[PDB]
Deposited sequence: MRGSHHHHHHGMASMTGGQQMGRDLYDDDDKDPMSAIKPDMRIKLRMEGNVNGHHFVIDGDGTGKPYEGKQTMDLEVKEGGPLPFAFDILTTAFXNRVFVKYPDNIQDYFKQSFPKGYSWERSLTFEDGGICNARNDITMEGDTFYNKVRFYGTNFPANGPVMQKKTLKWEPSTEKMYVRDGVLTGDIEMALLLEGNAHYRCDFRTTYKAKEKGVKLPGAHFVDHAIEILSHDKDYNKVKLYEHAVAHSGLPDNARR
C-alpha cells in the first residue's frame, strides 16, 4: 500500500462546532472550539453558550453530542470513522432516560484542511420538572463501553450509560447511535467495543463556558 495513511486524518486536528436545539422547550445555541489527537483517542473543546443561557437544565445531557474519529483504534480492528474522511460521516442518536426523558441528537461531520466541522442538533423532551435533569442535580457521566456492531446494514453503537447525581444516586440512560459514512463503499467493521470517558474539566458557575475532554479506545473485549 502506497497511500499516506494520514492523508486526511492528521495527528493533531482542530475542531469547530455549532449546536442548536431545545430541551423541554428551552432553546439554545452553543459554539465549540477544540483540538484533538485522533490516533490517541483524545480531544478537548471549549464550549460557549451563545443563546438561551443560563441553561435551565443539566449541561451534562449535552456533552456526548459535542466524534468517533477520536478513538485509539488498534491495527486489528477496522476504523470506519478514520476511513470516512476526507468526505466525512454523520451520526444519529437516541438517548432514553430512566424517567422517560428522551433526547434525539445528530451531528454532520465534515473536514476542511486540518479542522473537523460539526453541525449538531439536540432535542430533548419529556423530562419531569422535578427530575435531576431539569433540577441540575447531575455530577458526571460514568465511564462507559459502547458496543459497535452492524444492525440491519448500518454501523450501530449501543451504550448503557449512567449519570452520577448528587446524593449517592445514579440516573441511567440507554444510547443507540447510528453512524453513516458519506462515501458509498466504506467497509463496515467487525463487531467491537469502544471504552469512553467524558469529563467536564472546568466550567463557570452557570455553565456558560465549559471545557470538555474525552478519551476513547477501541478493543475486541
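The deposited sequence has C-alpha coordinates everywhere except the stretches 1-28, 95, 251-257.
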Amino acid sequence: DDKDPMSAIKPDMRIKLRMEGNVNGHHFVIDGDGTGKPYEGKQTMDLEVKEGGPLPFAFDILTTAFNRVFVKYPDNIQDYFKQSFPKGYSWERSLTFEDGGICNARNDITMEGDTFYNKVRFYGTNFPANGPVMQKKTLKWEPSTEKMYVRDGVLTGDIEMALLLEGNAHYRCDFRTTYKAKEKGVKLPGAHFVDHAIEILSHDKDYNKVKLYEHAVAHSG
From here on, numbers count along this sequence of modelled residues.
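Stretches 184-192 and 41-49 differ in mean C-alpha B factor, with the higher average recorded for 184-192. Set 5-13 against 196-204 and average the Cα temperature factors; 5-13 ends up higher. When the modelled residues of the chain are ordered by their C-alpha B factor, residue 112 lands in the middle third. Residue 166: CA B factor in the highest third of modelled residues in this chain (values from the PDB entry). When the CA B factors of the chain's modelled residues are split into thirds, the value for residue 160 lands in the lowest one. The deposited CA B-factor of residue 66 belongs to the highest third of values across its chain. When the CA B factors of the chain's modelled residues are split into thirds, the value for residue 120 lands in the lowest one.
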